[PDB]
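Q: PDB, C-alpha atoms, file upload05.pdb:
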ATOM      1  CA  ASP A  49       2.002  -3.260 -14.874  1.00  0.00           C
ATOM      2  CA  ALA A  50       1.284  -0.413 -12.444  1.00  0.00           C
ATOM      3  CA  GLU A  51       3.444  -2.226  -9.846  1.00  0.00           C
ATOM      4  CA  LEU A  52       6.018  -2.751 -12.617  1.00  0.00           C
ATOM      5  CA  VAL A  53       6.244   0.998 -13.322  1.00  0.00           C
ATOM      6  CA  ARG A  54       6.570   1.700  -9.571  1.00  0.00           C
ATOM      7  CA  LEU A  55       9.300  -0.931  -9.152  1.00  0.00           C
ATOM      8  CA  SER A  56      11.344   0.477 -12.059  1.00  0.00           C
ATOM      9  CA  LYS A  57      10.997   3.960 -10.561  1.00  0.00           C
ATOM     10  CA  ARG A  58      12.689   2.755  -7.337  1.00  0.00           C
ATOM     11  CA  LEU A  59      15.512   0.861  -9.056  1.00  0.00           C
ATOM     12  CA  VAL A  60      16.359   3.923 -11.139  1.00  0.00           C
ATOM     13  CA  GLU A  61      16.037   6.210  -8.103  1.00  0.00           C
ATOM     14  CA  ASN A  62      18.405   3.862  -6.278  1.00  0.00           C
ATOM     15  CA  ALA A  63      20.891   3.638  -9.184  1.00  0.00           C
ATOM     16  CA  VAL A  64      20.969   7.410  -9.702  1.00  0.00           C
ATOM     17  CA  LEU A  65      21.264   8.066  -5.941  1.00  0.00           C
ATOM     18  CA  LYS A  66      24.337   5.798  -5.824  1.00  0.00           C
ATOM     19  CA  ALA A  67      25.708   7.248  -9.074  1.00  0.00           C
ATOM     20  CA  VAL A  68      25.679  10.709  -7.462  1.00  0.00           C
ATOM     21  CA  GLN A  69      27.252   9.371  -4.256  1.00  0.00           C
ATOM     22  CA  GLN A  70      29.948   7.606  -6.294  1.00  0.00           C
ATOM     23  CA  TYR A  71      30.820  10.699  -8.389  1.00  0.00           C
ATOM     24  CA  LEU A  72      31.101  12.986  -5.335  1.00  0.00           C
ATOM     25  CA  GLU A  73      33.301  10.464  -3.478  1.00  0.00           C
ATOM     26  CA  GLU A  74      35.357  10.015  -6.687  1.00  0.00           C
ATOM     27  CA  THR A  75      36.170  13.671  -7.444  1.00  0.00           C
ATOM     28  CA  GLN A  76      37.282  14.672  -3.929  1.00  0.00           C
TER      29      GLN A  76
ATOM     30  CA  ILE B   5      14.582  -8.269 -11.043  1.00  0.00           C
ATOM     31  CA  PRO B   6      17.273  -9.180 -13.627  1.00  0.00           C
ATOM     32  CA  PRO B   7      20.873  -9.557 -12.369  1.00  0.00           C
ATOM     33  CA  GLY B   8      23.137  -6.727 -13.530  1.00  0.00           C
ATOM     34  CA  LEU B   9      20.360  -4.141 -13.839  1.00  0.00           C
ATOM     35  CA  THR B  10      21.222  -1.766 -10.964  1.00  0.00           C
ATOM     36  CA  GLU B  11      24.947  -1.895 -11.826  1.00  0.00           C
ATOM     37  CA  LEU B  12      24.085  -1.074 -15.474  1.00  0.00           C
ATOM     38  CA  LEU B  13      21.843   1.908 -14.637  1.00  0.00           C
ATOM     39  CA  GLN B  14      24.431   3.302 -12.245  1.00  0.00           C
ATOM     40  CA  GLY B  15      27.381   2.918 -14.642  1.00  0.00           C
ATOM     41  CA  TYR B  16      25.562   4.923 -17.309  1.00  0.00           C
ATOM     42  CA  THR B  17      24.590   7.688 -14.885  1.00  0.00           C
ATOM     43  CA  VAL B  18      28.176   7.913 -13.580  1.00  0.00           C
ATOM     44  CA  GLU B  19      29.491   8.351 -17.148  1.00  0.00           C
ATOM     45  CA  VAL B  20      26.830  10.988 -17.802  1.00  0.00           C
ATOM     46  CA  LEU B  21      28.209  12.765 -14.694  1.00  0.00           C
ATOM     47  CA  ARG B  22      31.843  12.437 -15.808  1.00  0.00           C
ATOM     48  CA  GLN B  23      31.405  13.436 -19.459  1.00  0.00           C
ATOM     49  CA  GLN B  24      28.332  15.727 -19.461  1.00  0.00           C
ATOM     50  CA  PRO B  25      27.002  14.651 -22.865  1.00  0.00           C
ATOM     51  CA  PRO B  26      24.593  16.975 -24.719  1.00  0.00           C
ATOM     52  CA  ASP B  27      22.306  14.143 -25.930  1.00  0.00           C
ATOM     53  CA  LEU B  28      21.548  11.519 -23.301  1.00  0.00           C
ATOM     54  CA  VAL B  29      19.838   9.174 -25.667  1.00  0.00           C
ATOM     55  CA  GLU B  30      22.598   9.133 -28.055  1.00  0.00           C
ATOM     56  CA  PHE B  31      25.203   8.876 -25.463  1.00  0.00           C
ATOM     57  CA  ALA B  32      23.257   5.863 -24.164  1.00  0.00           C
ATOM     58  CA  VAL B  33      23.512   4.091 -27.515  1.00  0.00           C
ATOM     59  CA  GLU B  34      27.272   4.700 -27.429  1.00  0.00           C
ATOM     60  CA  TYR B  35      27.813   3.874 -23.755  1.00  0.00           C
ATOM     61  CA  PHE B  36      25.902   0.572 -24.000  1.00  0.00           C
ATOM     62  CA  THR B  37      27.469  -0.205 -27.401  1.00  0.00           C
ATOM     63  CA  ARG B  38      30.931   0.244 -25.830  1.00  0.00           C
ATOM     64  CA  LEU B  39      29.855  -2.003 -22.973  1.00  0.00           C
ATOM     65  CA  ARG B  40      28.732  -4.849 -25.249  1.00  0.00           C
ATOM     66  CA  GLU B  41      31.884  -4.603 -27.428  1.00  0.00           C
ATOM     67  CA  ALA B  42      34.265  -4.266 -24.438  1.00  0.00           C
ATOM     68  CA  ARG B  43      34.571  -8.071 -24.027  1.00  0.00           C
TER      69      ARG B  43
ATOM     70  CA  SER C   1      30.080  19.232  -2.483  1.00  0.00           C
ATOM     71  CA  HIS C   2      26.866  19.123  -4.530  1.00  0.00           C
ATOM     72  CA  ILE C   3      26.266  18.021  -8.106  1.00  0.00           C
ATOM     73  CA  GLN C   4      23.247  17.173 -10.204  1.00  0.00           C
ATOM     74  CA  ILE C   5      22.127  15.155 -13.251  1.00  0.00           C
ATOM     75  CA  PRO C   6      20.309  16.628 -16.262  1.00  0.00           C
ATOM     76  CA  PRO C   7      16.547  16.396 -16.374  1.00  0.00           C
ATOM     77  CA  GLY C   8      15.420  13.470 -18.410  1.00  0.00           C
ATOM     78  CA  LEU C   9      18.020  11.062 -17.060  1.00  0.00           C
ATOM     79  CA  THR C  10      15.866   9.302 -14.450  1.00  0.00           C
ATOM     80  CA  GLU C  11      12.840   9.168 -16.785  1.00  0.00           C
ATOM     81  CA  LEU C  12      15.068   8.044 -19.644  1.00  0.00           C
ATOM     82  CA  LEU C  13      16.249   5.116 -17.465  1.00  0.00           C
ATOM     83  CA  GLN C  14      12.757   4.517 -16.056  1.00  0.00           C
ATOM     84  CA  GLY C  15      11.520   3.888 -19.596  1.00  0.00           C
ATOM     85  CA  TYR C  16      14.396   1.498 -20.268  1.00  0.00           C
ATOM     86  CA  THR C  17      13.932  -0.153 -16.883  1.00  0.00           C
ATOM     87  CA  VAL C  18      10.165  -0.605 -17.429  1.00  0.00           C
ATOM     88  CA  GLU C  19      10.586  -2.399 -20.784  1.00  0.00           C
ATOM     89  CA  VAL C  20      13.328  -4.633 -19.299  1.00  0.00           C
ATOM     90  CA  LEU C  21      10.872  -5.866 -16.668  1.00  0.00           C
ATOM     91  CA  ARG C  22       8.032  -6.361 -19.176  1.00  0.00           C
ATOM     92  CA  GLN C  23      10.023  -8.200 -21.827  1.00  0.00           C
ATOM     93  CA  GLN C  24      12.656  -9.902 -19.620  1.00  0.00           C
ATOM     94  CA  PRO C  25      15.420  -9.883 -22.275  1.00  0.00           C
ATOM     95  CA  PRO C  26      18.259 -12.431 -22.043  1.00  0.00           C
ATOM     96  CA  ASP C  27      20.981  -9.820 -22.665  1.00  0.00           C
ATOM     97  CA  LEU C  28      20.429  -6.493 -20.852  1.00  0.00           C
ATOM     98  CA  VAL C  29      23.247  -4.633 -22.508  1.00  0.00           C
ATOM     99  CA  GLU C  30      22.190  -5.405 -26.003  1.00  0.00           C
ATOM    100  CA  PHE C  31      18.648  -4.733 -25.184  1.00  0.00           C
ATOM    101  CA  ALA C  32      19.785  -1.301 -24.152  1.00  0.00           C
ATOM    102  CA  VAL C  33      21.462  -0.597 -27.489  1.00  0.00           C
ATOM    103  CA  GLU C  34      18.229  -1.698 -29.237  1.00  0.00           C
ATOM    104  CA  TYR C  35      15.905   0.163 -26.870  1.00  0.00           C
ATOM    105  CA  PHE C  36      17.881   3.418 -26.993  1.00  0.00           C
ATOM    106  CA  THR C  37      18.527   3.110 -30.757  1.00  0.00           C
ATOM    107  CA  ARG C  38      14.758   3.264 -31.325  1.00  0.00           C
ATOM    108  CA  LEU C  39      14.617   6.446 -29.210  1.00  0.00           C
ATOM    109  CA  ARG C  40      17.431   8.004 -31.239  1.00  0.00           C
ATOM    110  CA  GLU C  41      15.825   6.826 -34.477  1.00  0.00           C
ATOM    111  CA  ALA C  42      12.324   8.011 -33.485  1.00  0.00           C
ATOM    112  CA  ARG C  43      12.265  11.544 -34.846  1.00  0.00           C
TER     113      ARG C  43
END
Do you think you could lay out the structure here as structure tokens?
A:
Amino acid sequence: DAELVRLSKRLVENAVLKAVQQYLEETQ
Amino acid sequence: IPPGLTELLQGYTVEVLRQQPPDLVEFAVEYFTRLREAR
Amino acid sequence: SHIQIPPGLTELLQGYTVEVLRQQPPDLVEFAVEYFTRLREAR
């Protein structure tokens, strides 16, 4: 459950990181 | 790790970036509702 | 070329993501509607 909360933190962090990258490379 | 999770989380975030909603929670209901009904 | 996301976003998704892992729902998109509906409704 502690490892579950840490795993979810990474997946989100990864999804957001790529969502930012996508939006920058989509506007320009 | 369920298939389709990362894609899902990203898609939402990207729409939050495009549309700048005032209420993220309520925009989530709508974004995911639109996703389920889109098929 | 720099942007940002509101505060709350990553934690909002973390909470969703955590419950997905715990419960292992069969349909992730409908689980989202349910999960987030509760948030909206909780006030």
Q: Counting all atoms listed in the file, a student should be able to say which residues of chain C come within 7 Å of chain B; what is the right answer, written as a compact mmCIF listing (two decimals) with C-alpha atoms, in the coordinates of the input?
A:
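Dumped everything to part37.txt:
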# COMPACT_ATOMS: atom_id res chain seq x y z
CA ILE C 5 22.13 15.16 -13.25
CA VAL C 29 23.25 -4.63 -22.51
CA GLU C 30 22.19 -5.40 -26.00
CA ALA C 32 19.78 -1.30 -24.15
CA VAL C 33 21.46 -0.60 -27.49
CA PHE C 36 17.88 3.42 -26.99
CA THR C 37 18.53 3.11 -30.76
CA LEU C 39 14.62 6.45 -29.21
CA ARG C 40 17.43 8.00 -31.24
Q: What separation in Å, quoted to one decimal, exists between CA of residue 66 (chain A) and CA of residue 15 (chain B)?
A: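 Between CA of residue 66 (chain A) and CA of residue 15 (chain B) the gap works out to 9.8 Å.
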Q: Please, which residues of chain C lie no more than 10 Å from chain A when the count uses all atoms listed in the file, and can they be set out as an mmCIF file with C-alpha atoms, keeping the file's coordinate frame?
A:
data_model
loop_
_atom_site.group_PDB
_atom_site.id
_atom_site.type_symbol
_atom_site.label_atom_id
_atom_site.label_comp_id
_atom_site.auth_asym_id
_atom_site.auth_seq_id
_atom_site.Cartn_x
_atom_site.Cartn_y
_atom_site.Cartn_z
ATOM 1 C CA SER C 1 30.080 19.232 -2.483
ATOM 2 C CA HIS C 2 26.866 19.123 -4.530
ATOM 3 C CA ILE C 3 26.266 18.021 -8.106
ATOM 4 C CA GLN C 4 23.247 17.173 -10.204
ATOM 5 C CA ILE C 5 22.127 15.155 -13.251
ATOM 6 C CA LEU C 9 18.020 11.062 -17.060
ATOM 7 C CA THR C 10 15.866 9.302 -14.450
ATOM 8 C CA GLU C 11 12.840 9.168 -16.785
ATOM 9 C CA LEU C 12 15.068 8.044 -19.644
ATOM 10 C CA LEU C 13 16.249 5.116 -17.465
ATOM 11 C CA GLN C 14 12.757 4.517 -16.056
ATOM 12 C CA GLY C 15 11.520 3.888 -19.596
ATOM 13 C CA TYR C 16 14.396 1.498 -20.268
ATOM 14 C CA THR C 17 13.932 -0.153 -16.883
ATOM 15 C CA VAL C 18 10.165 -0.605 -17.429
ATOM 16 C CA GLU C 19 10.586 -2.399 -20.784
ATOM 17 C CA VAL C 20 13.328 -4.633 -19.299
ATOM 18 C CA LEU C 21 10.872 -5.866 -16.668
ATOM 19 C CA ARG C 22 8.032 -6.361 -19.176
#
Q: Draw an axis-aligned box tight on the listed atoms of region 54-68 of chain A, then pad every side by 6 Å and write out centre and edge lengths in Å to one decimal as JSON.
A:
{"center_x": 16.1, "center_y": 4.9, "center_z": -8.9, "size_x": 31.1, "size_y": 23.6, "size_z": 18.2}
Q: One number please: CA of residue 26 (chain C) to CA of residue 43 (chain C), in Å, one decimal.
A: 27.8 Å
Q: Could you tell me how far CA of residue 7 (chain C) sits from CA of residue 31 (chain C), in Å to one decimal place?
A: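 Going from CA of residue 31 (chain C) over to CA of residue 7 (chain C) covers 23.0 Å.
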